[PDB]
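Just so we're aligned: the sequence shown equals residues 1 to 119 in the authors' numbering. Cβ atoms here follow ideal geometry from the backbone N, Cα and C, with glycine treated the same way.
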Amino acid sequence: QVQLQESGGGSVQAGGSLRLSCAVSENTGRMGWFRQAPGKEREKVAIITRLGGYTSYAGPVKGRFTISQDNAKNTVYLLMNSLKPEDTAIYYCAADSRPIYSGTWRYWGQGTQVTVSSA
Ligand SMILES: [Cl-]
Ligand SMILES: [Cl-]
Ligand SMILES: [Cl-]
Ligand SMILES: [Mg+2]
Numbered sequence: 001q002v003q004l005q006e007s008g009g010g011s012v013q014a015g016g017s018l019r020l021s022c023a024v025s026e027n028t029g030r031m032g033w034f035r036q037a038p039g040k041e042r043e044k045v046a047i048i049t050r051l052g053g054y055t056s057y058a059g060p061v062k063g064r065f066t067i068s069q070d071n072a073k074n075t076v077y078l079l080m081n082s083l084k085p086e087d088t089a090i091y092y093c094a095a096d097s098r099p100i101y102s103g104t105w106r107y108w109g110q111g112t113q114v115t116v117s118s119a
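Right, dumping it as structure tokens:
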């Protein structure tokens, strides 16, 4: 099995930044970040291959968030800039060695809450 562990969640002022990280227990072919707003379908945020140069982003975070990886540490990061209230959600990482475009991901982290507020 593969285990995953997210870190770096919390609450921040709108317009601020966060950086989520995800420890993956062993080498996998792909890794991704997902988010699930209240009552809503879980959605792709950003995905990455371990070896290629491939990344893909959800439209609404394109150009604000960046996915990156540290291969030596088996860690995947989600740098989140210019945060908006609509970025509020539980953020999860996932990984496996299924083909890059596959809709189902075999191994999931625990999630962490992200709350963005204007106040
Ligand atoms: Cl920022
Ligand atoms: Cl797999
Ligand atoms: Cl699941
Ligand atoms: Mg999209």
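Local Cβ density within 10 Å of residue i, reported as buried at 16 or more and exposed below that
i, result
"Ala119", "exposed"
"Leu18", "buried"
"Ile100", "exposed"
"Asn27", "exposed"
"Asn71", "exposed"
"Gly53", "exposed"
"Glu6", "buried"
Whole-number beta carbon distance between residue j and residue i, since they are thought to touch under 8 Å
i, j, result
"residue 145", "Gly63", "The question about residue 145 has no answer here: the residues shown for the chain are numbered 1 through 119."
"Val45", "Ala58", "5 Å"
"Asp87", "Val114", "7 Å"
Which residues DSSP lists as bridging residue i, in chain order
i, result
"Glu43", "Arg35"
"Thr88", "According to DSSP, which records beta bridges pairwise, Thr88 is partnered with nothing at all."
"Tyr57", "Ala46"
"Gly15", "Its beta-bridge partners do not exist; DSSP assigns none."
"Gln113", "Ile90"
"residue 125", "A query on residue 125 cannot be resolved here, the shown segment of the chain reaching from 1 to 119 and no further."
Limits of the beta strand (DSSP E) - the one that residue i falls within
i, result
"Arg19", "18-24"
"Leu79", "75-80"
"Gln69", "65-70"
"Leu4", "4-7"
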